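Peer 1: After the structure tokens below, expect a handful of questions from me.
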Number of protein chains: 2
Amino acid sequence: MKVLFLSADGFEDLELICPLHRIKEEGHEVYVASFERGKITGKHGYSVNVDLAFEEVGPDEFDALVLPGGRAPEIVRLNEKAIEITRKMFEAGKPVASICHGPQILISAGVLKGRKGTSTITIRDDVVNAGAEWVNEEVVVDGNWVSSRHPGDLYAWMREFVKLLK
Amino acid sequence: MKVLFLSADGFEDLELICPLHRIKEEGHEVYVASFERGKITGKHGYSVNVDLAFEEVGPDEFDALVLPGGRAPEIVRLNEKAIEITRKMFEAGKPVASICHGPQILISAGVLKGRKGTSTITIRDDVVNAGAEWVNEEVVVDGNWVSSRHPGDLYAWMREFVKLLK
């Protein structure tokens, strides 16, 4: 599988880096995208290399999407390309995994009407106002959409997501 | 299985926390031991609860051992109780994973004579003087001992380690 992560500076470090390694473990290719190639820096000061700019991504290329949290989703969600990439991969029924603030991107993509998932509770209202049903669970699986709340949930988030790549 | 981590303040955050979730994912139990109960805090500011003191740990309790890196092993290596746990589990042939500065504990346990593995390169010489063969690779397996170097090696380190937990 080719697996795509969308992020930017201020990502929650664990929420990006642990899944990155978890997926490589399976021998999948992982690609990190952001505003531009280079490096991004997390809330806790870890860096990661960006493989692709949003501009250069063909949604079709990629088999699955990941949307980690932190502050990054607040600026990612303003990017038209990132929104398109997200809308397309999600409406195609490809596996999409979000955590924490990740769903801010899904909101801005307009894809949540009549879906069910979770998020950090601090944006619950905003998820509800996007027409999704919010629940408070460590992981939710709603067809292709696999969603968790915070870093404590990682093990369960990834337990369920890797199932979807098999 | 029950997996035991030995650590302290100054641990390299990823090297403790990602494997922690990795191993729960498989539905094993994970326990963190340090000098005393409470919380320890990583180099990059992540916090983890400590389940046990060293002086409460009985080696026979636990099925496998993990030794993350950072500044922590420099002080854990002085602790007789921690040494004795490590000596007993390693000589018993239980799976032992080490990364980065982790082997500082193995050195101090006197268990490395005739063994083969890797570490961060900054302590290569010290591993060699303890009587091991040092090689430079992203992961080595020497019987029950699975050793890596640094955080970029994570995916490989857990790939090979999880195998010994089956």
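Naming works like this for the structure tokens: A, B, ... for the chains as they're shown, residue 1 at the start of each chain, ligands 1 onward in shown order.
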Show me, as number ranges by chain, every residue of chain A with an atom at most 12 Å from chain B, counting only C-alpha atoms.
Peer 2: A: 12-28, 30, 42-49, 151-163
Peer 1: Write down as a PyMOL selection string the residues of chain B whose backbone DSSP state falls under strand (DSSP E or B).
Peer 2: chain B and resi 2-6+11+29-34+38-41+47-50+52-53+64-67+70+96-99+116-117+133-134+140-142+145-148
Peer 1: Considering only C-alpha atoms, return as an MDAnalysis selection string whatever protein or nucleic-acid residues lie within 10 Å of residue 83 (chain A), sequence-local ones (same chain, fewer than 6 positions apart) excluded.
Peer 2: chainID A and resid 54 76:77 105:110
Peer 1: Determine the nearest neighbour of residue 101 (chain B) from the options B:126, B:36, B:80, B:9, counting only C-alpha atoms.
Peer 2: B:126
Peer 1: Using only C-alpha atoms, which residues sit within 7 Å of residue 145 (chain A) once same-chain residues fewer than 2 positions away are excluded, as a PyMOL selection string?
Peer 2: chain A and resi 95-97+141-143+147
Peer 1: Mind pulling up the distance from CA of residue 5 (chain A) to CA of residue 52 (chain A)?
Peer 2: 10.0 Å
